[PDB]
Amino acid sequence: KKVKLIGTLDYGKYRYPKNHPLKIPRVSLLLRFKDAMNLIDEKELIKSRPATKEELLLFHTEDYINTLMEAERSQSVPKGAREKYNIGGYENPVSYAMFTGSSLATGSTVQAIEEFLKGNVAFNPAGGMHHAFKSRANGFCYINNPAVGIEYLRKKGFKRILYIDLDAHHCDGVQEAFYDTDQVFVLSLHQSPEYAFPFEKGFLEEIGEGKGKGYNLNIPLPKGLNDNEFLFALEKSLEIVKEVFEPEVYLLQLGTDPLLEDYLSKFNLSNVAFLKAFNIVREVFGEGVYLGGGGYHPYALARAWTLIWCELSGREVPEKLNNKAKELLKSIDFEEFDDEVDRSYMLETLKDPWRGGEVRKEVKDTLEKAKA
């Protein structure tokens, strides 16, 4: 069961516009970072390929896909496309990520799945774009690779697919995609929609409809979440899934935005808790298909996914970043959202300190209701 990483430096050419949270290097950063740390060999790396039109059509509509392609080639928003397809605004702007980048990230998810079928284990850090809908862009996402991947699997004959989303935001796009089917179970932990995007969905009451009733589970969590609360929520919810769904295969979305240093979440988690969560899922369900996800702090993202890669790769996590890695991170076009924060430790060591505390009562009550 070989361990592979799907990616390419090319993503460095498909950044989001100047002020967009996603204009920072991410997967290409991950690759250069690991290389600087000598934590990956060319043999473990699989070059990303674009998704085929056929694969995309497994979930999205022709019209939407064609609009994305036209919008990108003309680098302009086609007539009425802005309101009909939700492209062109500050959220899902025109760029070369809208189709070329997204397609490459989606094709990479299909490759990660192909490796699973071949008996290997793969990680696609560019995937996990969980917000896009069938025919509309949403939350920075143009193409929903998890939805494409899951449909890909169903067509291959799978009837019990599990999707676990650890991203700090609710996977509204994925939830909608399989809300009415019992062949797909969606489990998501995220900041409560009461105070975080998306604000319209992600509540505990949303359990699915029709045959899918009981096959969707949302675990909304409070602000200031600590490592103990996150792992508590994860463990309890996994127990709930285990007792009602026997998955033939599962996908795990690993956005790094739930980390303390990432401003797009009110969660204050550590690297180690993030890794631990990853190992907990594997202890319960074995090996699955691993995807990336939301993450807007370059240092947090690089260190966190490096931990994930070392776990899978079976290699020891070096205590500190070597000088080559420090210069890499320092050379990035970042800038902390908050002037006085002090994140210097991130350029020193890979693993951050544990960030625990007690498990709040509301968190326990939420999991309690969930079990019902």
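We number the residues from 1 along the sequence you see.
With 10-18 and 357-365 compared on mean CA B-factor from the PDB entry, the stretch scoring higher is 10-18. Higher mean CA B-factor, judged across 243-251 and 226-234 from the recorded values: 243-251. Comparing C-alpha B-factors across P193, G212, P93, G173 in the deposited entry, the largest value falls on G212. When the C-alpha B-factors of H169, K266, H130, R154 are read from the PDB record, the largest value belongs to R154. Placement of the Cα temperature factor of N120 within the chain: middle third of the modelled residues, per the deposited record. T306: CA B factor lies in the lowest third for its chain, per the PDB record.
Among all modelled residues in its chain, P78 ranks in the highest third by Cα B-factor. In the PDB entry, a CA B factor belonging to the lowest third of its chain's modelled residues is recorded for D262. For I207, the recorded CA B-factor ranks within the highest third of the chain. Only modelled residues enter the ranking.
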